[PDB]
**Q** 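My questions all concern the structure below.
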Amino acid sequence: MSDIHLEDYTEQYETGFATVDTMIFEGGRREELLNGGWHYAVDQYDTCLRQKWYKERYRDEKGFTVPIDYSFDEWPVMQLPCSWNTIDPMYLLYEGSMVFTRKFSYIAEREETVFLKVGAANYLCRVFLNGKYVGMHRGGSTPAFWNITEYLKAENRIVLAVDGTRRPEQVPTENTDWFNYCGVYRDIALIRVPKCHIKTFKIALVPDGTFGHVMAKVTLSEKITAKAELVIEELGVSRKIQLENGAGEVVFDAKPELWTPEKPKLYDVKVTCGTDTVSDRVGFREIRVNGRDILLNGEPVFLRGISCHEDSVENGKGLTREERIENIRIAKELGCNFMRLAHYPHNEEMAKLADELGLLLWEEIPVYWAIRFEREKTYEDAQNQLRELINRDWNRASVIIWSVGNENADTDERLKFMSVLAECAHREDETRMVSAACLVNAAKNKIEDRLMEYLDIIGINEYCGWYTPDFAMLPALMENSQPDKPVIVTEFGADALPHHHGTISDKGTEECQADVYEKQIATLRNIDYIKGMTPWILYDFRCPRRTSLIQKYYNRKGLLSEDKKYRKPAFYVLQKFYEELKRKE
Amino acid sequence: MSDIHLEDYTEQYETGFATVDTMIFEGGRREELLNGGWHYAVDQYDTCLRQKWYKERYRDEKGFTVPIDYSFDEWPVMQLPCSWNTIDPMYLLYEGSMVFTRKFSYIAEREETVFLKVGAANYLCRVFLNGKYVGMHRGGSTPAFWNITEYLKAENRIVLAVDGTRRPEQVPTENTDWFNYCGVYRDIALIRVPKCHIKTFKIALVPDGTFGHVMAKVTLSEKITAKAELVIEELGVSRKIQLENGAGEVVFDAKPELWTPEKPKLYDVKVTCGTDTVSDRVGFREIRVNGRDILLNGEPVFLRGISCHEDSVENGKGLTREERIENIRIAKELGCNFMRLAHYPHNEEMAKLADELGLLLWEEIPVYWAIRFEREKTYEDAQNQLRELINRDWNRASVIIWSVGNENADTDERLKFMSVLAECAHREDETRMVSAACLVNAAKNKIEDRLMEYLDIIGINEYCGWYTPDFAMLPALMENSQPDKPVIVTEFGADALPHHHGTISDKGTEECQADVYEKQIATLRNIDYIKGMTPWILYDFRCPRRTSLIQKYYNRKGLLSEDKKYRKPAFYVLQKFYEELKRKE
Amino acid sequence: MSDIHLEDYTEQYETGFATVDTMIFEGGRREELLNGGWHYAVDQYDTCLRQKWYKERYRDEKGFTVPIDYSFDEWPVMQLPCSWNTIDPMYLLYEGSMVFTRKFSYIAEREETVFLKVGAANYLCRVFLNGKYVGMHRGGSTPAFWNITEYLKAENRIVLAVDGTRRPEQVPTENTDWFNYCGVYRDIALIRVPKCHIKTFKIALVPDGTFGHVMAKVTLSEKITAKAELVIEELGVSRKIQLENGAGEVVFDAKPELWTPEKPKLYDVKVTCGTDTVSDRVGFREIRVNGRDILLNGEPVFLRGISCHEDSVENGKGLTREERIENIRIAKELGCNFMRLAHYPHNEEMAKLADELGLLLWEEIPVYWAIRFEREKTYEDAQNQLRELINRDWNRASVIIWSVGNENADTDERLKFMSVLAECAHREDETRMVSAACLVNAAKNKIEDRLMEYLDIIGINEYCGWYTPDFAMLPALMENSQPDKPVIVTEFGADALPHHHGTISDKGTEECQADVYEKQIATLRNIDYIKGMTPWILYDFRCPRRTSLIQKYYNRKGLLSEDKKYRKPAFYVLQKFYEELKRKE
Ligand code: NI
Ligand code: NI
Ligand code: NI
């Protein structure tokens with residue numbers, strides 16, 4: 001009677017992990033999706049994992065039918081991918097488990113390996129194929145890959161069990177300032193590849209100040225002596241890459257036009273190896289820090305930014321391509337050259353669109369507030385998510401900063417945890433800057449945090465005029481501080497319910513929010529070491545912490561309403577500043 | 001930064017407990033309810049307990065307003081008491097926290113102590129009054145009492161934070177076979193009493209075989225020497241009780257008509273002590289076991305029973321008086337003299353109506369499936385709920401059996417935990433029988449479980465013809481067993497979706513369910529040691545484990561549909577059996 | 001290309017008919033229903049019958065999948081039995097085909113024959129089992145039986161294709177004055193019987209004027225020599241019946257209390273033959289005609305009647321038991337001893353409830369208006385429906401009159417068709433009277449119709465004061481006529497929209513309807529040869545011919561509104577008349 005008497009029914013599924021080490025490079029690969037209607041059940045008590053519905057035991061050993069608690073083909077249907085919270089109002093506040101199943105046929109036209117990719121599933125995803133357990137993924141915003149070659153038949157049943165439960169030891173914890181959207185909400189794909197295939201492919205301008213050297217790195221699925229053929233036709237590049245034990249790299253001379261948000265030049269690149277082919281569309285640029293300067297392609301820059309969550313009234317966390325394009329267009333209308341994508345990895349199409357339309361990006365993992373920094377398995381979770389993100393987005397010129405977390409306490413255990421993450425980012429990616437968003441040192445009203453020593457760029461969150469209501473605290477904060485690194489003010493802002501007006505002293509009104517922006521900008525614009533800002537936030541987003549009548553379960557710090565149809569007065573305050581900077585160059 | 005960086009934000013509230021030791025006797029006490037509209041928020045991340053909204057800190061020390069995430073008087077309103085899951089479809093699957101608040105005025109007309117009673121709140125209830133923490137209750141089906149005398153002002157604000165979260169270490173665990181209804185779902189009351197008041201009052205027929213002696217026990221809120229006076233005018237009784245250190249008892253002669261379900265005679269009793277008065281309405285009966293016989297008032301009985309959950313389509317767990325009367329009336333129409341109230345304490349009005357209308361009762365605590373038997377604090381939770389139940393219902397003649405749990409594994413840790421619970425019940429109540437529902441010993445197909453040694457009556461659950469599909473296992477089971485004490489078959493049955501028909505071999509149909517009842521009765525009715533049965537169950541109830549098309553998130557073992565408007569064929573099978581037994585006397 | 005180029009795709013299904021000759025007697029037989037949720041499609045073009053979906057050809061001979069236009073297990077679900085028109089507003093006016101399918105398991109515990117019964121399906125029902133065609137039924141209001149023994153497997157799929165299409169050559173034609181309710185709307189059953197089983201059982205009081213002799217006739221499924229034994233324990237009866245070639249009968253002495261509506265005495269009767277047993281619950285009464293007198297148990301009666309359709313706002317033609325009880329109770333409150341069930345066989349439970357509650361009945365087949373009297377296959381359809389009705393209801397004491405049709409033209413072809421139907425009824429049932437509802441002879445304003453010669457009782461429809469607006473035509477009609485047999489006025493009345501008032505000259509108002517009843521009763525009550533009346537009608541019913549603002553697609557001649565919650569003034573006019581007759585005895 002283990003289905004009712006087994007206390008630790010999940011331990012048996014802690015195997016077959018999808019991790020950064022099972023990802024494959026997808027550029028240029030044809031994929032068949034499993035998007036569509038899946039039969040589903042709400043599984044509030046995790047009954048599928050206790051009773052093992054995926055085994056489909058309908059009769060006992062003696063031929064008697066047994067009672068069952070599921071009916072796969074007669075279950076209702078839900079269109080995947082989606083955040084299930086926005087499918088039906090009954091599911092808005094549901095954060096337990098749902099079980100999804102469908103069938104598909106499989107015929108190999110040649111010898112091939114097949115991966116299942118789940119583009120994102122929050123928070124846990126357990127995979128079953130033809131009655132057998134494939135494995136699981138932990139972490140709610142990164143793609144998960146499993147080699148399913150050995151499970152496939154001519155006709156298949158796949159089951160996905162997805163648990164939205166919040167837990168203090170997860171990354172993030174159970175307490176955040178955003179909405180817990182659950183389910184399988186980015187594309188589900190089948191990827192056929194040769195037995196010997198390209199597993200990783202990384203390419204970048206070498207950040208040596210000459211703008212004339214390009215590095216490319218390849219690893220294969222097998223330890224083999226081989227070569228790859230790299231082609232960049234527009235740059236006249238055709239170079240051999242020699243592979244030893246399935247890995248190799250090359251550095252070669254080239255003269256690309258350097259990518260900027262204003263001139264987002266991209267190049268088609270193609271790599272062959274054995275019978276395999278991949279391709280990408282990549283820009284070349286150098287991002288460095290020199291003293292207090294942020295240098296893009298050798299030139300100091302001011303990052304005119306805005307923060308942005310992955311939220312949608314209709315789609316929850318599963319934004320469409322159109323919604324991503326809208327966010328970039330509105331940010332550029334606002335005058336931005338930079339966007340802070342908070343607080344987790346967004347859909348990879350965001351950085352691809354930023355590559356194409358021209359917008360610098362900061363990408364982040366949800367090491368947020370009271371992470372269990374002492375727990376080794378929590379470190380393993382965080383480091384895997386960091387490395388998944390870096391591996392997924394390595395070739396995105398638009399991305400210039402990896403952030404290892406946000407608003408964590410300055411304790412010994414936090415410093416060990418997050419400094420090692422910062423070292424991990426640097427080791428995984430020699431081309432990009434590493435940052436994090438820190439709280440103000442309240443005792444000294446000072447930019448001072450032990451983590452900052454390990455960062456290329458300091459992010460500081462401050463809410464003077466709001467959570468720190470006395471505006472005079474802001475000039476004092478900047479006078480008290482003299483960092484030797486560039487500073488991005490990674491958050492400031494104020495709530496305003498759309499169309500809620502009052503005096504500038506009425507916190508929560510449009511007038512007060514615009515007044516906060518006026519005072520913030522008047523101080524920050526003349527601090528020499530502040531080299532950017534990403535005010536919180538582009539538009540209102542669902543938020544379980546905000547319950548007042550002038551919040552209505554949305555964080556109201558957006559410069560636009562939650563459907564992005566309406567611009568609040570503070571939008572035009574920030575825009576006027578950014579357009580001034582643009583006019584000055 | 002405590003509200004965002006404190007990991008263990010709940011430890012500070014582990015104080016001011018409501019327990020069996022803070023209960024007061026309520027019979028004959030005037031109460032003022034706080035039922036009504038309460039302003040409320042969905043508090044998914046427990047923000048109220050982290051930010052301490054109940055302190056209502058609206059300005060800082062320098063007079064600046066600070067942003068806040070709540071608005072008590074402008075929140076929407078929910079009528080309490082209720083299960084919040086049936087209030088709106090958005091809350092059906094919500095099992096986090098909600099925060100409720102309202103105001104009330106208080107004027108003492110004489111010196112008095114005041115208790116707050118929360119009739120039931122699942123699972124945790126934290127109480128705040130005028131910005132101060134009063135305390136909390138743990139356990140989802142028993143009434144909670146706090147002395148609030150020292151918190152009261154002329155105008156008051158009360159805040160209740162109620163957490164529906166399921167946890168493995170709770171009682172029950174996170175895995176049950178019933179629906180997790182959450183909220184404050186029985187009466188909220190203010191109770192004014194003298195400073196020295198009657199704290200407990202227990203009265204029962206002495207089970208000495210004469211039916212002519214009555215015991216009465218009183219304790220006071222103060223450890224003093226005093227006399228109480230007990231009056232039963234209809235029986236010519238007036239007796240003093242000498243109290244010492246706040247406690248005393250007396251045994252006296254009386255000639256009551258003995259309570260039975262067929263003739264449920266009740267008597268008004270009144271007790272005074274100092275300036276305090278309490279009263280009750282009680283029946284007098286003797287319940288004993290002799291060998292394999294269950295004896296009511298000296299005569300062997302067969303308990304023609306049905307099991308029953310506290311479930312309602314419209315009201316969730318917060319059944320109305322009319323719904324309880326309906327359940328009793330339908331049970332009696334079915335031919336029952338007995339009902340198993342599963343698996344937790346029902347509203348105390350159930351046993352009061354059973355006293356009045358005439359139905360014998362089994363009441364139970366949710367020590368169900370995989371309880372953390374090794375954890376001392378889990379034992380403390382279970383023991384407290386057991387003692388709350390017994391103290392609440394001590395004077396209910398209809399209740400004859402306390403059950404200490406259901407379908408637990410026969411392990412050493414379980415045995416230590418549940419045998420000590422059974423000893424607790426025996427020590428707390430010398431007048432009633434103790435039982436539990438046990439699984440069949442699958443190794444021997446036998447009624448054999450180490451806990452049975454500690455019980456007066458053996459409860460056995462068996463599902464031959466259903467989960468044990470071979471009917472032949474049932475005669476084998478009864479042949480293999482020769483218990484020395486009475487056996488109640490506390491569960492058997494089969495799913496049937498209302499109006500879903502098929503052949504008797506189609507599991508899940510009405511015809512198969514009726515066939516299972518026919519074969520169960522044919523065997524059970526001729527087993528000498530089976531003195532009762534409570535088939536599972538009177539009517540269909542919400543059940544998160546049952547997801548098939550012929551279940552629809554209801555357990556379908558009811559003899560009636562979930563609205564009790566429709567009787568399935570198996571209803572008449574059982575009814576015919578019970579009416580034969582009644583015909584025979 | 002058969003599914004697209006075959007013009008006559010239905011001819012292949014004109015086989016395996018369910019007819020009166022395949023019916024079996026059901027009294028006392030255990031049945032397993034197939035009522036429940038069936039997966040279904042709207043099949044507007046009869047694609048299932050052209051493409052043969054029931055063969056489930058999913059792959060071609062080379063193993064390729066082929067496209068299909070159905071998905072049995074993933075279709076939506078409809079609860080059967082029902083009139084599909086009242087299931088959803090989208091189906092109210094749908095009268096094409098629908099396809100229903102489900103599965104069921106079958107295990108024979110002994111050698112047995114199995115019948116499928118479809119209690120009623122309007123108009124055509126085609127049956128498929130495990131991919132094979134079983135057969136079909138024609139006729140929308142009678143039960144259909146097919147021997148499916150040789151089709152059954154351990155796991156079965158049944159498909160029912162049901163066509164509601166109206167056709168001029170059907171019985172009824174495409175033009176009626178009632179609503180075309182479609183679908184399988186009475187119980188679907190599986191019936192297990194011995195190979196040699198009792199096929200028909202008929203029992204009645206011998207109409208020889210002694211009231212002391214009972215006849216009983218039995219036929220078997222096999223043409224063998226055997227004895228049956230008949231028992232009526234309450235009357236001290238036990239008699240053998242000698243069967244030869246599968247058939248025999250017996251007449252025996254018995255002293256039953258004679259059934260009347262006021263004292264509806266019934267008796268349990270049981271018949272055994274070999275291993276088979278059937279039983280029934282029957283009353284004993286004599287119905288005869290002598291001159292102009294209708295004699296019940298030897299006494300002249302006046303039939304205080306009302307007409308009644310099988311109509312329900314919520315359920316369409318699939319009335320519940322409660323709705324039938326309501327119709328009988330309201331008729332008796334109106335003062336009726338008699339009801340005309342128009343214009344087709346109602347659920348057989350109607351006459352069983354009339355047996356029990358006490359109401360005399362007229363039952364009728366829908367040979368209505370412009371039947372294709374010249375077409376032999378239309379005659380075959382009508383004769384079969386008549387014989388199905390008579391075989392179904394032979395043992396119902398409440399039924400005293402079989403009606404062979406309604407308001408047909410007095411032509412030579414009609415006379416040949418309907419007189420042979422009347423001879424059929426007489427030959428099939430020696431115990432009951434035969435009638436029909438005839439139009440007034442408009443040339444003579446006279447009761448005169450060539451079919452009346454073949455009837456025991458004359459039914460005349462007349463609408464003086466309504467369709468014949470001059471009331472003076474009614475006394476003229478009765479003056480012009482001097483029939484030699486009893487006359488029942490089988491229809492009169494007037495529209496009244498509930499709560500629609502006006503002057504007595506406003507046709508369509510309550511006042512005018514009451515005025516018509518006053519004048520009808522004033523004349524009819526003093527005509528010597530009028531021995532009964534069944535005014536049209538008890539309550540408003542759906543009617544596609546009535547489109548005015550004061551009709552709203554209902555026939556408004558009811559004495560009550562369509563939900564039977566409201567009694568119009570004419571209700572009390574008729575009630576006052578019937579209670580005067582009852583007062584007089
Ligand atoms: Ni406005
Ligand atoms: Ni039914
Ligand atoms: Ni009126």
Side-chain angles (χ1 to χ4, degrees), chain B residues 15-35 103-119 125-137 142-160 187-203 216-231 238-250 268-281 348 384 387-388 390-392 394-395 428:
Chain B
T15 184
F17 291 102
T19 68
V20 63
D21 295 319
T22 66
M23 301 174 92
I24 62 167
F25 184 79
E26 293 184 78
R29 293 198 182 287
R30 292 185 209 108
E31 309 189 356
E32 291 154 311
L33 306 185
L34 292 175
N35 298 10
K103 300 202 291 276
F104 65 94
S105 67
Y106 174 75
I107 300 162
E109 292 177 302
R110 75 195 55 82
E111 182 163 67
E112 62 187 19
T113 292
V114 182
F115 283 87
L116 175 69
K117 175 191 79 177
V118 169
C125 180
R126 268 85 164 223
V127 178
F128 310 85
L129 185 53
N130 297 325
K132 297 180 171 174
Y133 183 49
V134 176
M136 65 174 281
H137 184 259
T142 41
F145 296 75
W146 302 264
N147 185 334
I148 62 167
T149 306
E150 294 311 301
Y151 297 85
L152 284 163
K153 299 184 181 180
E155 299 305 317
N156 305 271
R157 177 179 293 285
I158 177 162
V159 178
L160 300 179
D187 287 342
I188 308 156
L190 296 168
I191 313 172
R192 302 163 193 247
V193 298
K195 178 186 53 67
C196 190
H197 52 273
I198 294 156
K199 184 171 175 156
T200 64
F201 169 48
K202 298 160 165 49
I203 180 168
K217 311 158 182 269
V218 172
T219 66
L220 304 178
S221 58
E222 289 174 17
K223 293 183 176 179
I224 69 179
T225 295
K227 284 186 177 48
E229 177 173 78
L230 181 144
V231 182
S238 180
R239 293 293 189 287
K240 307 280 186 173
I241 305 166
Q242 184 62 54
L243 313 182
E244 302 285 348
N245 286 123
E249 65 196 8
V250 67
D268 293 332
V269 60
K270 179 169 276 174
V271 180
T272 63
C273 184
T275 65
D276 201 23
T277 305
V278 302
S279 59
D280 211 334
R281 185 136 172 94
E348 51 265 67
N384 180 66
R387 295 169 64 200
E388 289 169 332
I390 292 176
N391 187 53
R392 193 191 71 181
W394 214 93
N395 294 346
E428 296 302 329

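Just the heavy atoms: all of them, side chains too, but no hydrogens, waters or symmetry mates, feed the values below. Each chain gets a letter, A, B and so on, in the order the sequences are listed, and its residues count up from 1.
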**Q** If we only count heavy atoms from C-beta on, is the B:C273 to B:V218 side-chain gap below 4.5 Å?
**A**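 No; the side chains remain at least 4.5 Å from each other.
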
**Q** Once side-chain hydrogen bond (donor to acceptor under 3.5 Å, both in side chains) is applied, do any residues pair with B:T19, and if so which ones, sequence neighbours excluded?
**A**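 If we apply the side-chain hydrogen bond (donor to acceptor under 3.5 Å, both in side chains) test to B:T19, skipping adjacent residues, there are no hits.
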
**Q** For B:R281, what residues pass the side-chain hydrogen bond (donor to acceptor under 3.5 Å, both in side chains) criterion, not counting sequence neighbours?
**A**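 Partners of B:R281 by the side-chain hydrogen bond (donor to acceptor under 3.5 Å, both in side chains) criterion, ordered by chain and then number, come out as B:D268.
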
**Q** Using ring pair (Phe, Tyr, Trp, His ring centres under 6.0 Å) as the criterion, list what pairs up with B:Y133, not counting sequence neighbours.
**A**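 B:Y133 satisfies ring pair (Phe, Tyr, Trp, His ring centres under 6.0 Å) with B:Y13, B:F128 once adjacent residues are dropped.
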
**Q** Calculate, to the nearest 0.5 Å, the distance between atoms NZ and CD belonging to B:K117 and B:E31 respectively.
**A**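 Going from the NZ atom of B:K117 to the CD atom of B:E31 covers 4.5 Å.
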
**Q** Restricting to non-hydrogen atoms, name the atom on B:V271 and the atom on B:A228 that form the minimum distance, rounded to 0.1 Å.
**A**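 Where B:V271 meets B:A228 most closely, the heavy atoms are CG1-CB, 4.2 Å.
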
**Q** Judged by atom type as modelled, is there a donor-acceptor pair below 3.5 Å linking the side chain of B:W394 to the main-chain atoms of B:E428?
**A**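 The answer is yes, because a donor-acceptor pair under 3.5 Å joins these two groups.
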
**Q** Hey, does B:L129 have a side-chain heavy atom less than 4.5 Å from the side chain of B:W146?
**A**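 With C-beta onward as the side chain, the pair stays apart.
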
**Q** Could you pull out all residues at least two apart from B:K103 that satisfy side chain to side chain contact (heavy atoms under 4.5 Å, CB included)?
**A**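 Partners of B:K103 under the side chain to side chain contact (heavy atoms under 4.5 Å, CB included) test: B:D73, B:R157.
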
**Q** Mind checking side chain to side chain contact (heavy atoms under 4.5 Å, CB included) for B:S279 and listing every partner two or more places apart, or none if nothing turns up?
**A**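 In terms of side chain to side chain contact (heavy atoms under 4.5 Å, CB included), with neighbours along the sequence ignored, B:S279 is linked to B:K270.
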
**Q** side-chain hydrogen bond (donor to acceptor under 3.5 Å, both in side chains) with B:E249: which residues, sequence neighbours excluded?
**A**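 Testing B:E249 for side-chain hydrogen bond (donor to acceptor under 3.5 Å, both in side chains), a comparison that skips the adjacent residues, returns B:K217.
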
**Q** Which heavy atom in B:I198 sits nearest to a heavy atom in B:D276, and how many Å separate them?
**A**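 Closest approach of B:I198 to B:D276: N-OD2, 2.7 Å.
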
**Q** Is the shortest heavy-atom distance from the side chain of B:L230 to the side chain of B:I203 under 4.5 Å?
**A**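 When only atoms from C-beta onward are counted, B:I203 and B:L230 do touch, with a gap below 4.5 Å.
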
**Q** Among B:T15, B:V127, B:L116, whose side chain to side chain contact (heavy atoms under 4.5 Å, CB included) with B:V134 holds?
**A**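 Only match with B:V134 under side chain to side chain contact (heavy atoms under 4.5 Å, CB included): B:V127.
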
**Q** Does the side chain of B:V20 reach to within under 4.5 Å of the side chain of B:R392, using non-hydrogen atoms?
**A**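 The answer is no, as the side chains (C-beta and beyond) never meet within the 4.5 Å cut-off.
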
**Q** What's the separation between atom CZ in B:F17 and atom CG in B:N384, rounded to the nearest 0.5 Å?
**A**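 If we round to the nearest 0.5 Å, B:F17:CZ and B:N384:CG are 10.0 Å apart.
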
**Q** Just to verify, what does B:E222 make a side chain to side chain contact (heavy atoms under 4.5 Å, CB included) with, not counting sequence neighbours?
**A**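 Applying side chain to side chain contact (heavy atoms under 4.5 Å, CB included) to B:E222 gives B:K195, B:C196, B:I224.
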
**Q** Among all residues two or more places apart in sequence or in another chain, which pass the salt bridge (charged side-chain N to carboxylate O under 4.0 Å, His left out) test with B:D280?
**A**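 For B:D280 the salt bridge (charged side-chain N to carboxylate O under 4.0 Å, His left out) partners, ignoring immediate neighbours, are B:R396.
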
**Q** Taking atom CG of B:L160 and atom CE of B:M136, what is their separation to the nearest 0.5 Å?
**A**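 Result: 13.0 Å between the selected atoms.
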
**Q** Check salt bridge (charged side-chain N to carboxylate O under 4.0 Å, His left out) between B:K240 and all other residues, then give those that pass, not counting sequence neighbours.
**A**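 Applying salt bridge (charged side-chain N to carboxylate O under 4.0 Å, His left out) to B:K240 gives B:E229.
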
**Q** Looking at B:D21 and B:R387, what are the two nearest heavy atoms and their distance?
**A**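 Shortest heavy-atom separation between B:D21 and B:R387 comes out as OD1-NH2, 3.8 Å.
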
**Q** How far does NZ of B:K199 sit from OG of B:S221, to the nearest 0.5 angstrom?
**A**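 With rounding to 0.5 Å, NZ (B:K199) is 7.5 Å from OG (B:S221).
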
**Q** Minimum heavy-atom separation for B:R30 to B:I191, with atom names?
**A**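 Closest approach of B:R30 to B:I191, heavy atoms only: O-CG2, 4.3 Å.
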
**Q** Report the C-alpha separation of B:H197 and B:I24 in whole Å, then their side-chain angles, then the decisive distance to 0.1 Å, and conclude whether the side chain to side chain contact (heavy atoms under 4.5 Å, CB included) test is met.
**A** CA-CA 9 Å; B:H197 52 273; B:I24 62 167; 3.8 Å; yes

**Q** Starting from the C-alpha separation in whole Å, work towards a yes-or-no answer on side chain to side chain contact (heavy atoms under 4.5 Å, CB included) for B:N391 and B:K202.
**A** CA-CA 8 Å; B:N391 187 53; B:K202 298 160 165 49; 3.1 Å; yes

**Q** Could you pull out all residues at least two apart from B:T225 that satisfy side-chain hydrogen bond (donor to acceptor under 3.5 Å, both in side chains)?
**A**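 Here the qualifying residues are B:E244.
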
**Q** With sequence neighbours left out, write down each residue that passes salt bridge (charged side-chain N to carboxylate O under 4.0 Å, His left out) with B:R192, or none if nothing qualifies.
**A**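 If we apply the salt bridge (charged side-chain N to carboxylate O under 4.0 Å, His left out) test to B:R192, skipping adjacent residues, the hits are B:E32, B:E112.
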
**Q** Ignoring hydrogens, what is the shortest heavy-atom contact between B:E388 and B:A18? Give both atom names and the distance.
**A**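 So the two residues come closest at OE2-O, 4.1 Å.
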
**Q** Working to the nearest 0.5 Å, report the span between CG of B:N130 and CG of B:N156.
**A**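 One gets 4.5 Å once the value is rounded to the nearest 0.5 Å.
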
**Q** Could you report the tightest heavy-atom contact between B:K153 and B:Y106, atom names first, then the distance?
**A**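 Closest pair (atom of B:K153, atom of B:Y106, distance): O-CB, 3.5 Å.
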
**Q** Under the rule for side chain to side chain contact (heavy atoms under 4.5 Å, CB included), what residues qualify as partners of B:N147, not counting sequence neighbours?
**A**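 Applying side chain to side chain contact (heavy atoms under 4.5 Å, CB included) to B:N147 gives B:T113, B:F115, B:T149.
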
**Q** Roughly how far apart are B:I241 CD1 and B:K227 NZ, rounded to 0.5 Å?
**A**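 One gets 11.5 Å once the value is rounded to the nearest 0.5 Å.
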
